[PDB]
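Structure first, commentary second.
In this analysis, Cβ positions are derived from the backbone assuming ideal geometry, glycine residues included, and neighbour counts consider all displayed protein chains. Nothing in this text is a laboratory measurement; each read-out follows from the coordinates by a stated rule.
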4 protein chains.
Amino acid sequence: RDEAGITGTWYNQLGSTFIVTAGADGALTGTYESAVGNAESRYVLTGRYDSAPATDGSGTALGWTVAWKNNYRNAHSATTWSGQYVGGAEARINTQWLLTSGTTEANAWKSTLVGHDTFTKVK
Amino acid sequence: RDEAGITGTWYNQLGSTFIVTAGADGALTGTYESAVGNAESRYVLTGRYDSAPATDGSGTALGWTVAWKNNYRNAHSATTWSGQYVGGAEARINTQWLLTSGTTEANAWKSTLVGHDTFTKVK
Amino acid sequence: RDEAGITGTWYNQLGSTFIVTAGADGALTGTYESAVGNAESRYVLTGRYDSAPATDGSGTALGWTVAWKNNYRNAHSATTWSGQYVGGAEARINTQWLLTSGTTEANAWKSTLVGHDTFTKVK
Amino acid sequence: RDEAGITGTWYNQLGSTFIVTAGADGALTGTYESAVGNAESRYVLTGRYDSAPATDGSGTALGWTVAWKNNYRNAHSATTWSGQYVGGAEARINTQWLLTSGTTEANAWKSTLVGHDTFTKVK
Ligand SMILES: [Cu+2]
Ligand SMILES: [Cu+2]
Ligand SMILES: [Cu+2]
Ligand SMILES: [Cu+2]
């Protein structure tokens, strides 16, 4: 268990800030603030992580969601990040994400962006 | 708001079952049971949805996570689904997902599966 | 070998038309015409397929690319489809695709769409 | 046009080697050698690029395919890379890829890996 390793404040290559608490039972709760896009201030996030990972050197699988509505803005979209926590001197969360926008059915083909974010504890 | 449209039991093309409650504030909570893979019985899920969607005919953006640990099994992996709810006689949730396994750093290149699930209220 | 099974005209769920020739050596060459997006008329495609698939009932892995420039339009983008051919009465090509647009480095995070197309020999 | 900027030998973060020729007309032809996976020696690749990119500082969209069959091995799979070329002192190709394996229909849900490769002209 990486409850203590995951809990805290993380930053990605875009300058976004992810603040998370890891529960003993697998929960992830916190706030996300994007440095880019149709976003301002903090948004709620929730997710899950493997609270009993393999002990063979593998990372810890996890994921979370942000719906891009808060008191300031509504971007009618949601991002999910799916990835793994890798602990140690230079801890990281390595993720791939899917960002779906609400669309009409005629536009659904162009609804979903894909990308990759790497989070560190410094910067 | 689609709190009432989303809340309930959904089934995908693989025969998996998704049971969700939508909160007024954007939360999604419930259980997932996969018909395939290294899985048995129910697993916790959490996620978020846009609680004030566009009124122009667009769908409602949402996402959720399952970490594949429960009292029965641990598949050292997490799936995130990112998609949209489309209401009406034949309501659907149309998703794309990312399934990340915990790996060593040598294996990280092969850590993540991608696919697509369509959920309906019947079958 | 599925050289004869793959070669010919295919249609997807959007009404796009894919015309391909499969070479003995693994090549795929042809034209694509999209029913959606910043596209008109035919565009060049090239790709590769497994010319000696497994004989255990598995599908035949393949992929191809279209750059969205022709004599009519330039959408400064490219799509790659990665998938498998499944032969038999109701033959199909089942794909997932990635559509990357040229962007500035500030915009690179929003450069790439993801989706899924299923091609059949009728419709 | 980036025919001269793209043509040549590129290396990714895994130590794989991509050797490509860019044609005046949008073609990409060459060989790929993976440092990882069920692969040995060189494999054929083909693809396409935007031969008349935007002049506003944007990158050049491109993609290519490798089917993992050569005279040595057959991994019954294909990878497609979709991305953009960014020119200048530290030129790069920034990609996302989809790796589909031939599967039975029961296994199709687990057929496709997703990841991201960054190619440079040194290392
Ligand atoms: Cu206010
Ligand atoms: Cu028990
Ligand atoms: Cu003309
Ligand atoms: Cu030999």
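Couple of notes before you dig in:
- Max mean-square fluctuation residue, GNM over chain D, Cα-Cα springs under 10 Å, options D:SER16, D:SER58, D:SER82: D:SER58
- Check: region B:57-123 dipole with +1 on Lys, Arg Cβ and -1 on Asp, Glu Cβ, in debye: 200 debye
- Across peptide A:82-95, the mean count of Cβ atoms from other chains lying within 10 Å of each residue's own Cβ comes to 4.
- Placing a label point 7 Å from the Cα of D:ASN107 along the Cα-to-Cβ direction, the residues of region D:39-79 whose backbone N falls under 17 Å from that point are D:39, D:68-69, D:74-79.
- Shortest-first nm distances, D:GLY5 label point to equivalent points in other copies (7 Å, Cα→Cβ): 4.1, 4.2, 4.4
- Length, then width, then depth: along the principal axes, the Cα atoms of region C:59-123 run 47, 28, 17 Å.
- In order along region C:106-123, phi translates into HN-Hα couplings of 4, 9, 4, 4, 9, 7, 10, 8, 10, x, 9, 10, 10, 9, 10, 8, 10, 2 Hz, rounded to whole numbers, per the Karplus curve 6.51 cos²θ - 1.76 cosθ + 1.60 with θ = phi - 60° and x for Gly and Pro.
- In whole percents, the pair-distance distribution calculated for the protein assembly as shown from its alpha-carbon pairs, binned every 10 Å from zero, is 4, 20, 31, 28, 15, 2, 0.
- Shortest-first distances to equivalent copies, position B:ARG73, nm, label 7 Å out along Cβ: 2.9, 4.1, 4.5
- The mean count of C-beta atoms from other chains within 10 Å of the C-beta of residues in C:48-56, rounded to a whole number, is 5.
- Inter-copy label distances at A:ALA24 (7 Å, Cα→Cβ; nm, one decimal): 3.2, 6.9, 7.2
- What sits nearest the axis between copies A and D, counting only chain A Cβ atoms, is the residue and whole-Å distance A:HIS116, 2.
- Every helix of 4 or more DSSP H residues in chain C counts as -39500 (n - 2.57), and over all residues that averages to -500 deg cm²/dmol at 222 nm.
- Cα-based Rg / Dmax (Å) for chain D: 14.9, 48
- Segments C:109-120, A:42-53 sorted - mean Cβ within 10 Å per residue, highest first: A:42-53, C:109-120
- For the peptides C:1-10, C:69-78, the ranking by packing is C:69-78, C:1-10, with the highest mean count of neighbouring Cβ atoms within 10 Å listed first.
- Reference-scaled alpha-carbon Rg (2.2 N^0.38 Å with N residues) for region A:13-83: 1.23
- For chain D, relative contact order (Cα pairs under 8 Å, six or more residues apart, normalised by length) works out to 20 percent.
- Phi-derived couplings, Karplus 6.51 cos²θ - 1.76 cosθ + 1.60 at θ = phi - 60°, listed residue by residue for region D:81-93: 10, 10, x, 9, 7, 10, x, x, 4, 10, 4, 8, 10 Hz, with x used for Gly and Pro.
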